[PDB]
């Protein structure tokens, strides 16, 4: 769950700018989603299939329990993911990262 925070944080810093969430907040968001049984692996969040269910669940949390910290974080995270998904050729970007690792 450490590297996931770093990656998400990196994506947010690139796409949200100064309004970017803290690493602690991303952690709290990911931690909650795990403990809710929503994210089985933290990396499931990267796939768009999880995005609506995450939004739904975090909206429920803000409404039912009055706790909206995580939903605000997710707003920022999801904006960053959408921006990233649009702007880039996805697999060339991955090819790049695996290349640097060698």
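Residue numbers count along the first chain shown, from 1.
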- Hey, which bit's got the bigger mean C-alpha B factor in the entry, 15-23 or 78-86? 15-23
- Per the entry, where is the mean C-alpha temperature factor higher: 44-52 or 61-69? 61-69
- Item | Record-listed C-alpha B factor of residue 5: chain third | middle
- So where's residue 102 on the chain's Cα temperature factor ranking, which third? highest
